[PDB]
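Undergrad:
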Ligand SMILES: N[C@@H](CCC(=O)O)C(=O)O
Ligand SMILES: N[C@@H](CCC(=O)O)C(=O)O
Ligand SMILES: N[C@@H](CCC(=O)O)C(=O)O
Ligand SMILES: N[C@@H](CCC(=O)O)C(=O)O
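Written out as structure tokens, the structure is:
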């Protein structure tokens, strides 16, 4: 496994000091043996949701999926591009990993447009320019990228982190891991599946009540990329270095 | 002027779209004709204290420092490293300046340690490694740096933006401009002094011409100039038609040395 | 609605020309169709703390109160009673609303006493005499009142704008709107409650749905409603197309009672 | 002396706790005997100048007379319409005088336009509407009016207090006293003079080095009004009640 890897961290992972220690130890153990370019991408866990509750900011929704009003985007930018990003940076510093925090707009890494006027400040991700990240990687830095972007006209955008990760991996030609609390799908574990097989198992109610959402997100990413994406958990962390080297320790969704 | 230049933004700049539009129009005007490496350094503004009030969190500021308790540092990091930094970044994009948001810990650019345990999460800045920023500058990016740092042990630190600006300038071999509402120092015929030494400043303080809050401001500039071992400019954002010249080395406010 | 109405402006309103333009466009829209007596009540905003920083003066805010030392009260009175009040007045003129700037001492409208000597010049508000404001209203002026008061002994007092708004409303027999960034209270399905009693609020606090800073905000509203013995509206300035309806009595945010 | 009186307070008067106690005692002693409508008008003494020094704000000047830049008008509004106005209010409260603080823009009492683009936020005063003040007077309030106005387009203006006082007295049909530290002009005191006589005495160097400025201001006011204006000092304060009743205790400049 030469060739860059985007590791996208899920909400429940960021909410967990336990998980972060394991993830960051895993990054260290991996780096001692291998030398593949690594990029972290993240959204925001409960840090965001809890702050918004404190500020009486509702989780609005126009027939489906979240709305980010004018009066929320600054606060969210803060929790997400600020608190979450710099928390992960603090973890990198703690583990002596030279890391640089970025958001999507830095170097126009992932271009963002207005998804829909009625959802407010939500961005649609699409591949941007690889130069900035390539420069940082070649200089020995691990970028840690948040899922906040900026439109070309200067407006801050809250972007689905999964979609951001997909646009990033396409920009970089990177593999993609969506790391969360879902270890893998069973039927006896399933190491590889096509996206269509994953849809089938959902359709026939094999894939677990809560966490259809996690497989749907992997399978969308796989199809957007035209190549496979890994789902994996932080739980069995002694296995994370093998994952970062290409081993599907959880479930690979192929296309 | 061919040296790298650190431009430090005072609070009022971040609090006002007029001020930001003037600042950024000036940056574009200057980069049309000049290519000297530019770095923006900034602190918080009104928005941290707005947010503290919204969350009914206490505020204690003394001697230029905000007591920053364990239960406030994340929120503060959010407002500074997040909202402020990304707002500035959005201004850059809107003006087609290829910028990159950093904080002090990125690349160990400015090293920070715990200043004093009774202030909570407040950092002492010192010069770190120039490598990261030098790489960004050489590739044509204008870094925009917030005044949040991280200790070697992984603790988030709220750092005084003036001191962080100084540590940064020292790291970069850069000149330094402290941009705020203060245009310059007056000489008690009420006239602006273009170039002021430390000796002139003492004279003015001893004589009671520079008084109160100007004393603090003038000392912050002098402490900057002494650390850097070269002069530091003080200027206002108001006459923004003059700012390109300032960025090209003309002391439009007060230049402080010695 | 035919009762007099006190509209209390939260800090963020004064800090932003967009917010002021929305507020004042709403006031004009409302006065086109409705003639109910309107009074504006306001505190400080960002500009007091900007000014404290410019003068390198210390800041201690706790429990909704700023410790206001003898050597700060004049400056603070300047920023609140002066700059803020007159800025609002200028917005009125610009919108052709015949307004009149007052403070709490004018006509003994809201009586103030020393709250607590260790807070320095901080006032406790209580209802005073309605005569002055009633005279201005009956003559067609929209009073704009700052939250500075004066003790019977002639000392200037910095007063919490929420408490002053309450004392004012009580004096005037007026309804009360606390306008800020808070749009309403959420019920922990995340939905806005149009009408909330004290009992509902306790339930939400006991259950940990209203938490932290919302607790303080909700208590400030409840303390207002208990003093006045009638409900108090909480709303945001954001959807300013809804504000005329709010001023005409529709609870567009959360109405608080009991 | 029926008919309103504007008492304009000079800088050095506001700077002096001594002077204010005397002025306010004088207002009380006068009110016990007489019932003439009284209006106070003021600028700002050292309160303004000292604050501006603290803030490194220069006293600019374009060939003559002060400039009020964009970056000064808020701070000045604060010291002047705020601190100075409410200080005088505190004095009224201390002496149980029902008083109301106002600025020029309140009720469009004194209309203000841009004097000159190059002086920045300096206003030219001119008579406005008497209604608001008349209403307050008829209701038993003593207005205390600061020399800050607002243009019709919403811009704050720093206005010469003497000129403001003149525009006010014309608006109200009031007599006018410019109260300061100059007790009166000698040659043996002079109780009445025409403005032209006052110019003559200046011209021939009889009228004292410093305080030509104070006589010039009275004589300009007199001519603008087309009727007399009093100069008087707070010093001999047992004489101030007679002044407020019409007695020229200092020097009247006639026209
Ligand atoms: N951190 C969450 C949501 C963050 C986001 O998409 O903005 C996740 O990716 O599972
Ligand atoms: N609240 C920060 C502000 C950073 C700055 O503006 O200097 C401090 O006192 O450390
Ligand atoms: N600094 C004032 C603010 C007035 C207000 O906004 O409520 C206080 O705490 O009393
Ligand atoms: N208070 C001073 C000057 C104030 C002003 O004109 O603004 C005076 O009238 O003598």
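Residue numbers (the entry's author numbering), protein chains in the order written: chain A, 0 to 186, 190 to 257; chain B, 0 to 257; chain B', 0 to 257; chain A', 0 to 186, 190 to 257. A prime marks a further copy of an entry chain.
Even for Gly, the Cβ is constructed at its ideal location relative to N, Cα and C.
What does residue 58(A') touch in chain B if you count any residue whose Cβ is under 8 angstroms from its own?
TA: Numbered from 1 along the fourth chain, position 59 holds the residue referred to as residue 58(A'). Within chain B, the residues near residue 58(A') are 189.
Undergrad: Taking a contact to mean a Cβ-Cβ separation below 7 angstroms, would you say residue 92(A) touches residue 148(A) in this structure?
TA: For the purposes of this step, residue 92(A) is taken as residue 93 along the first chain, with counting starting at 1. For the purposes of this step, residue 148(A) is taken as residue 149 along the first chain, with counting starting at 1. No, they are not a contact pair.
Undergrad: Between residue 105(A') and chain B', is the shortest Cβ-Cβ distance under 7 angstroms, so that the two count as touching?
TA: Start at 1 with the first residue of the fourth chain, and residue 105(A') comes out as number 106. Yes, contact with chain B'.
Undergrad: Got a list of residues with beta-carbon closer than 7 angstroms to any non-hydrogen atom of ligand 2, in chain order?
TA: Every residue passing the under-7 angstroms Cβ criterion appears here: 10(B), 42(B), 43(B), 47(B), 60(B), 63(B), 64(B), 65(B), 67(B), 75(B), 79(B), 121(B), 146(B), 157(B), 158(B), 159(B), 160(B), 161(B).
Undergrad: Who are residue 157(A')'s beta bridge partners in DSSP?
TA: To locate residue 157(A'), count along the fourth chain from 1; it is residue 158. In DSSP, residue 157(A') forms a bridge with 121(A'), 147(A').
Undergrad: Determine, for residue 85(A), whether the minimum Cβ-Cβ distance to residues of chain B falls below 7 angstroms.
TA: By one-based count along the first chain, residue 85(A) stands at place 86. So yes, residue 85(A) belongs to the interface.
Undergrad: Would residue 231(B) count as contacting chain A' if we go by Cβ distances under 7 angstroms?
TA: Counted from its first residue, the second chain places residue 231(B) at position 232. No, residue 231(B) lies away from the interface with chain A' (no Cβ there is under 7 angstroms from its Cβ).
Undergrad: Would you decide whether residue 139(B) is buried or exposed? Buried here means 16 or more other CB atoms lie within 10 Å of its CB.
TA: The residue you call residue 139(B) lines up with position 140 of the second chain. Exposed, by the Cβ-count rule.
Undergrad: Let me make sure I understand the geometry here. Which of 156(A), 132(A), 203(A), 108(A) has the alpha-carbon closest to that of residue 65(A)?
TA: Numbered from its first residue, the first chain carries residue 65(A) at position 66. The shortest C-alpha separation from residue 65(A) is found at 156(A).
Undergrad: Using a Cβ-Cβ distance under 7 angstroms, would residue 214(B) count as near chain A'?
TA: Locating residue 214(B) in the second chain gives position 215, where the first residue counts as 1. No, residue 214(B) does not count as interfacial toward chain A'.
Undergrad: Quick test of your reading: residue 243(A) and residue 28(A), contact by CB under 8 angstroms. State the CB separation rounded to the nearest angstrom.
TA: What you label residue 243(A) is simply residue 241 of the first chain in a count that begins at 1. What you label residue 28(A) is simply residue 29 of the first chain in a count that begins at 1. With a Cβ gap of about 5 angstroms, residue 243(A) and residue 28(A) count as contacting.
Undergrad: Counting only the same chain and skipping the five closest in sequence on each side, list residues whose C-beta sits under 8 angstroms from that of residue 225(A').
TA: The residue given as residue 225(A') occupies position 223 in the fourth chain. Only 197, 257 meet the Cβ criterion.
Undergrad: Taking 6 angstroms as the limit between beta carbons, can you name the residues of its chain near residue 274(A), skipping five residues before and five after?
TA: Examination of residue 274(A) is not possible in this model, given that chain A is present from 0 through 257 alone.
Undergrad: So for residue 61(A'), helix, strand or coil by DSSP?
TA: Position 62 of the fourth chain, counted from the first residue, corresponds to residue 61(A'). Reduced to three states, the DSSP call for residue 61(A') is coil.
Undergrad: Suppose contacts are defined by Cβ-Cβ distances below 7 angstroms. Is residue 173(A') in contact with residue 146(A') by that definition?
TA: For the purposes of this step, residue 173(A') is identified with residue 174 of the fourth chain, where counting begins at 1. For the purposes of this step, residue 146(A') is identified with residue 147 of the fourth chain, where counting begins at 1. Not a contact, by the Cβ cut-off of 7 angstroms.
Undergrad: In this structure, how does DSSP classify residue 102(B') when only helix, strand and coil are distinguished?
TA: Within the third chain, numbered from 1, the residue matching residue 102(B') stands at position 103. Looking at residue 102(B') - three-state DSSP - the assignment turns out to be coil, as it is neither helix nor strand.
Undergrad: Do the region 4 to 15 of chain A' and the region 42 to 55 of chain A' touch if we need at least three Cβ pairs shorter than 8 angstroms?
TA: Contact between the region 4 to 15 of chain A' and the region 42 to 55 of chain A' is present, because at least three Cβ pairs lie under 8 angstroms.
Undergrad: Are the CB atoms of residue 6(A) and residue 204(A) nearer to each other than 7 angstroms?
TA: Numbered from 1 along the first chain, position 7 holds the residue referred to as residue 6(A). Numbered from 1 along the first chain, position 202 holds the residue referred to as residue 204(A). No, Cβ-Cβ distance for residue 6(A) and residue 204(A) is not below 7 angstroms.
Undergrad: Sort out for me which residues DSSP pairs residue 126(B') with in a bridge.
TA: In the third chain, the residue the question calls residue 126(B') occupies position 127. According to DSSP, residue 126(B') bridges with 109(B').
Undergrad: Along the chain, where does the beta strand (DSSP E) containing residue 21(A) start, and where does it finish?
TA: As a position in the first chain, residue 21(A) is number 22, starting the count at 1. Residue 21(A) -> not in any beta strand (DSSP E); alpha helix (DSSP H) instead, spanning 16 to 32.
Undergrad: Mapping the DSSP letters down to three states, classify residue 93(B) as helix, strand or coil.
TA: Along the second chain, one-based indexing puts residue 93(B) at 94. Three-state DSSP puts residue 93(B) in a helix.
Undergrad: Take every Cβ of the region 104 to 124 of chain B, pair it with every Cβ of the region 105 to 120 of chain A, and state whether three or more of those distances are shorter than 8 angstroms.
TA: Touching, no, given that fewer than three Cβ pairs across the two stretches are closer than 8 angstroms.
Undergrad: At 8 angstroms on the CB atoms, spell out the chain A' contacts of residue 99(B'), in chain order.
TA: Position 100 of the third chain, counting from 1, holds the residue named residue 99(B'). Neighbours of residue 99(B') on chain A', chain order: 101, 105, 106, 131.
Undergrad: If you run the structure through DSSP and keep just helix, strand and coil, what is residue 7(B)?
TA: Taking the first residue of the second chain as position 1, residue 7(B) is located at position 8. Strand, per DSSP.
Undergrad: If you measure between the beta carbons of residue 88(A') and residue 169(A'), is that distance less than 7 angstroms?
TA: Numbered from its first residue, the fourth chain carries residue 88(A') at position 89. Numbered from its first residue, the fourth chain carries residue 169(A') at position 170. It is not a contact, given that the beta carbons lie outside the stated cut-off.
Undergrad: Can you pull the DSSP bridge partners for residue 256(A)?
TA: On the first chain, residue 256(A) is found 254 positions in, with the first residue counted as 1. Residue 256(A) pairs with 196(A).
Undergrad: According to DSSP, what are the bridge partners of residue 141(B)?
TA: Taking the first residue of the second chain as position 1, residue 141(B) is located at position 142. Paired residue(s): 98(B).
Undergrad: Taking only beta-carbon atoms, is residue 61(B') less than 7 angstroms away from chain B?
TA: Translated into positions along the third chain, residue 61(B') becomes position 62. Cβ-Cβ to chain B under 7 angstroms: yes for residue 61(B').
Undergrad: Whose Cβ in chain A' lies nearer than 9 angstroms to the Cβ of residue 14(B')?
TA: Locating residue 14(B') in the third chain gives position 15, where the first residue counts as 1. What residue 14(B') touches in chain A': nothing, since even the nearest Cβ is about 13 angstroms away.
Undergrad: Determine whether the beta carbon atoms of residue 0(B') and residue 247(B') lie at a separation below 7 angstroms.
TA: For the purposes of this step, residue 0(B') is taken as residue 1 along the third chain, with counting starting at 1. For the purposes of this step, residue 247(B') is taken as residue 248 along the third chain, with counting starting at 1. A contact, by the Cβ cut-off of 7 angstroms.
Undergrad: Would you say residue 0(B) faces chain A, with C-beta separation under 7 angstroms as the test?
TA: The residue given as residue 0(B) occupies position 1 in the second chain. No - not a single Cβ of chain A is within 7 angstroms of the one on residue 0(B).
Undergrad: Below 8 angstroms on C-beta distance, what does residue 54(A) contact in chain B?
TA: By one-based count along the first chain, residue 54(A) stands at place 55. 53, 54, listed in chain order.
Undergrad: Starting from residue 73(B), find everything on chain A with Cβ-Cβ shorter than 7 angstroms and list it in chain order.
TA: To locate residue 73(B), count along the second chain from 1; it is residue 74. What residue 73(B) touches in chain A: 82.
Undergrad: In whole angstroms, what separates the C-alpha of residue 216(A') from that of residue 70(A')?
TA: Translated into positions along the fourth chain, residue 216(A') becomes position 214. Translated into positions along the fourth chain, residue 70(A') becomes position 71. Distance between the alpha carbons of residue 216(A') and residue 70(A'): 29 angstroms.
Undergrad: With burial defined as no fewer than 16 other Cβ atoms inside 10 Å of the residue's Cβ, what is the status of residue 2(B'): buried or exposed?
TA: In the third chain, residue 2(B') corresponds to position 3, counting from 1. Its Cβ having fewer than 16 others within 10 Å, residue 2(B') is exposed.
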